[PDB]
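This report refers to the structure that appears directly beneath it.
In each ligand, atom 1 is the first atom listed, and ligand 1 is the first ligand listed. Hydrogens, waters and symmetry mates play no part in the numbers below; they use all other heavy atoms, side chains included. We name chains A, B, ... by the order of the sequence lines, and we start the count at 1 in each one.
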Amino acid sequence: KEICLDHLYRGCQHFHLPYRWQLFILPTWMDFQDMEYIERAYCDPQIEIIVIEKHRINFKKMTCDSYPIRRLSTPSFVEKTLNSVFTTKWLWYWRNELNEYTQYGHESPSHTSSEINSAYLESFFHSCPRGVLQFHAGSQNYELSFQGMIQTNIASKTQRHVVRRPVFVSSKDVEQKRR
Amino acid sequence: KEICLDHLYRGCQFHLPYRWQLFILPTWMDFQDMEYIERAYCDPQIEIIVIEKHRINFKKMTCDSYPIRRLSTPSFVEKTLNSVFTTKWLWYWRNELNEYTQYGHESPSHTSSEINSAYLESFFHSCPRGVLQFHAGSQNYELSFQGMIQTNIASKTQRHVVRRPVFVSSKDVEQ
Ligand SMILES: Nc1ncnc2c1ncn2[C@@H]1O[C@H](COP(=O)(O)OP(=O)(O)OC[C@H]2O[C@@H](O)[C@H](O)[C@@H]2O)[C@@H](O)[C@H]1O
Ligand SMILES: Nc1ncnc2c1ncn2[C@@H]1O[C@H](COP(=O)(O)OP(=O)(O)OC[C@H]2O[C@@H](O)[C@H](O)[C@@H]2O)[C@@H](O)[C@H]1O
């Protein structure tokens with residue numbers, strides 16, 4: 001398990017340059033060509049907008065043709081492998097019609113379930129916190145925006161609040177989980 | 001050099017898998033009752049918990065208006081690299097010639113802040129939602145990282161703040 005930090009110190013799962021410029025083409029972070037030219041423009045604080053071949057890069061929004069961009073710093077960090085009980089598992093919920101929380105992938109009060117689950121959403125959120133994601137539940141289509149922490153029915157436009165919280169682990173749970 | 005990641009995977013500078021802290025400049029302070037805080041946090045219905053007459057708001061991640069964070073315990077150790085591969089971040093403000101002056105360098109009026117890029121990057125790394133006071137010439141300013149603005153406390157004139165790296169060429173890397 002090896003990470004680099006992006007331009008906002010975000011952990012991202014060395015390279016010949018001290019920097020690596022990428023854009024998110026769902027589901028993969030792709031290397032820009034002309035990384036040194038991008039960096040040189042970026043290091044001029046007067047520059048917001050540049051063109052790199054087919055691409056309009058916007059440093060103020062950190063987007064390129066509406067896709068998120070990032071700058072990885074090269075200094076790598078290697079995880080010290082510990083018992084998995086010390087790793088946080090994140091659950092994802094949406095506010096249902098009974099004004100309660102259903103976990104993604106579990107049954108709504110109307111006997112409907114998303115195909116996406118907490119593991120699917122945490123993996124996408126970790127990779128791409130400014131992501132928007134399409135998903136199915138029952139007979140309906142939805143967009144989830146990590147930035148707004150909302151899901152929207154693409155047909156009706158009804159929004160529901162999204163919440164992300166951990167699986168609870170007590171100090172007792174920690175002792176048991178040391179075999 | 002060892003880091004761990006917060007609740008939003010941010011790199012930060014334990015017997016539980018979690019460590020709950022609030023930021024009172026200049027220090028991240030440990031909450032007492034970390035396990036009780038975590039138990040409330042793992043209930044997605046809970047936004048407000050009060051402990052010791054201190055009001056935690058999980059929606060804003062504040063406590064009595066100070067930022068809070070939840071550190072994950074798994075540590076990550078820096079791979080030894082030449083320092084030419086380390087990014088240095090410069091901080092600038094929009095001056096009266098609507099050009100950029102680096103913090104700590106002379107304005108068009110021959111005035112300079114005491115604070116510099118190293119001071120601001122260090123504070124920004126620790127506390128991205130930080131608001132801070134600083135002096136330049138004979139005037140006092142507030143700098144909000146979130147707004148990326150400095151405001152003269154007296155006149156209320158705002159100036160835009162920008163953070164960009166020192167440029168390092170592939171040639172610089174070879175030399
Ligand atoms: N992530 C989800 N997982 C499972 N079920 C979900 C999810 N989000 C919404 N639902 C279910 O979808 C139903 C409809 O809610 P939304 O799609 O959020 O929005 P709304 O516009 O109110 O309803 C659309 C509804 O109109 C009906 O004509 C049609 O059959 C459709 O279900 C609710 O019962 C809810 O349980
Ligand atoms: N971070 C800074 N570092 C150095 N100099 C600065 C900084 N911020 C502003 N200055 C300089 O301070 C001068 C005044 O700008 P501000 O304090 O931002 O705003 P303004 O409201 O115009 O000034 C209020 C008062 O300040 C005094 O200089 C003067 O008496 C004026 O009435 C300008 O020359 C500006 O370049």
Side-chain angles (χ1 to χ4, degrees), chain A residues 45 90-122 124-125 131-146 148-165, chain B residues 44 89-121 123-124 130-145 147-164:
Chain A
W90 291 96
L91 299 188
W92 287 75
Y93 308 89
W94 52 280
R95 186 145 59 203
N96 68 33
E97 54 273 41
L98 297 179
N99 192 229
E100 271 150 16
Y101 281 108
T102 307
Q103 191 176 334
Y104 274 94
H106 296 215
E107 259 199 317
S108 73
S110 297
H111 307 307
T112 62
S113 75
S114 56
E115 300 175 18
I116 62 155
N117 56 19
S118 289
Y120 189 108
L121 286 173
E122 189 55 24
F124 201 128
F125 174 70
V132 181
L133 199 211
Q134 322 267 75
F135 70 95
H136 299 75
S139 68
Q140 301 299 294
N141 285 278
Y142 301 87
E143 252 181 18
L144 196 153
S145 150
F146 292 137
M149 289 300 276
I150 51 149
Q151 64 158 64
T152 309
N153 186 313
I154 76 182
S156 72
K157 305 289 161 201
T158 300
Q159 296 189 9
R160 299 183 182 273
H161 182 52
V162 178
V163 177
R164 164 194 187 255
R165 303 287 186 82
Chain B
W89 290 96
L90 300 185
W91 289 74
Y92 308 89
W93 53 278
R94 176 151 268 354
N95 70 31
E96 50 271 44
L97 303 173
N98 299 95
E99 269 149 22
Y100 281 119
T101 305
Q102 190 177 332
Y103 275 96
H105 295 216
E106 258 176 45
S107 71
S109 303
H110 306 302
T111 63
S112 76
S113 55
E114 301 287 334
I115 61 149
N116 55 19
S117 291
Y119 174 96
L120 288 174
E121 189 56 23
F123 197 143
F124 174 70
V131 181
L132 67 91
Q133 306 282 283
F134 73 92
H135 210 79
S138 68
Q139 302 300 125
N140 291 281
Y141 302 85
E142 182 163 283
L143 193 159
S144 147
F145 291 138
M148 291 301 275
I149 48 86
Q150 64 159 63
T151 304
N152 186 314
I153 294 170
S155 73
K156 304 291 165 200
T157 47
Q158 303 215 18
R159 300 183 182 273
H160 181 55
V161 179
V162 55
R163 164 191 186 257
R164 304 287 189 83

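- Contact of the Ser144(B) side chain with the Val161(B) side chain is not registered, since no non-hydrogen atoms from C-beta on lie closer than 4.5 Å.
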Determine, step by step, whether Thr158(A) and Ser156(A) satisfy the side chain to side chain donor-acceptor pair (under 3.5 Å) criterion, reporting the C-alpha distance in whole Å, the side-chain angles of both residues, the deciding distance to 0.1 Å, and the verdict.
CA-CA 5 Å; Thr158(A) 300; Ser156(A) 72; 3.2 Å; yes
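- For the pair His105(B)/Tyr92(B), no side-chain contact is recorded, criterion being any heavy-atom separation below 4.5 Å from C-beta on.
- Between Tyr141(B) and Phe134(B), the ring planes are parallel. Angles under 30° get that label, and only those over 60° would be called perpendicular.
- Remark: aromatic rings of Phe125(A) and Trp90(A) are distant, center separation not under 6.0 Å.
- Closer than 4.0 angstrom to ligand 2 sit non-hydrogen atoms from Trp93(B), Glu96(B), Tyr103(B), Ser107(B), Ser109(B), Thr111(B), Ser112(B), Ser113(B), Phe134(B), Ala136(B), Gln139(B), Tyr141(B), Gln150(B), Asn152(B), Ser155(B), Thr157(B), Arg159(B).
- For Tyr120(A), the OH atom sits in a loose shell: 12 or fewer heavy atoms of surrounding residues, nucleotides or ligands are nearer than 6.0 Å.
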